[PDB]
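To begin, one chain is listed below as structure tokens, in the form deposited in one PDB entry.
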């Protein structure tokens, strides 16, 4: 599972053309109080919520990693370029997000 996490991370870095400029991105699994995922752009570290991680599907992990890595590419000034890239990879992004929240809400 941890090997698949780093494999998706490595594939996502290549598809987003980020291998040029950084690629030294790490994934840290820790409990987060109010977020599913976060990223430290200075430490180049993606933090995934330990309490949510067991319940995530392959599509959801891929969506979450692409969303966080895109903060290394485009910021608030290029929000249109950010959403364009995110939508081209995941045009069903709203249904992914809706199904994730529903699943986490029902699952005990």
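Numbering follows the first chain given and starts at 1. For clarity, a rigid core is taken as the largest C-alpha set superposing within 1.5 Å between two forms.
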**OP:** Going by the average Cα B-factor in the PDB entry, point out whether 58-66 or 24-32 comes out higher.
**Re:** 24-32
**OP:** Taking the mean of the C-alpha B-factors per stretch from the entry, tell me the winner out of 48-56 and 67-75.
**Re:** 48-56
Original post:
Ranked by Cα temperature factor within the chain, is residue 95 in the lowest third, the middle third or the highest third?
Top reply: middle
**OP:** Pull the Cα B-factor of residue 9 out of the PDB entry and bin it into the chain's lowest, middle or highest third.
**Re:** middle
**OP:** Would you please rank residue 103 by its C-alpha temperature factor against the other modelled residues of its chain and give the third it falls in: lowest, middle or highest?
**Re:** lowest
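Beyond the structure shown, there is the form deposited in another entry, which is absent from this document and is the topic of what follows.
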Subject >> Residue shift check between the shown form and the other one, rigid core fit, residue 43 Cα at least 2 Å >> reply: yes
Original post:
Any CA movement of 2 Å or more for residue 34 between the shown form and the other one, core superposed?
Top reply: no
**OP:** Note yes or no: does the Cα of residue 55 move by 2 Å or more between the shown form and the other one after the core is superposed?
**Re:** no
Subject >> Inter-Cα distance between residue 26 and residue 81 in the other form, nearer or further [3 Å or more] >> reply: farther
Original post:
Shorter or longer C-alpha distance for residue 52 and residue 92 in the other form, given it differs from this form by 3 Å or more?
Top reply: farther
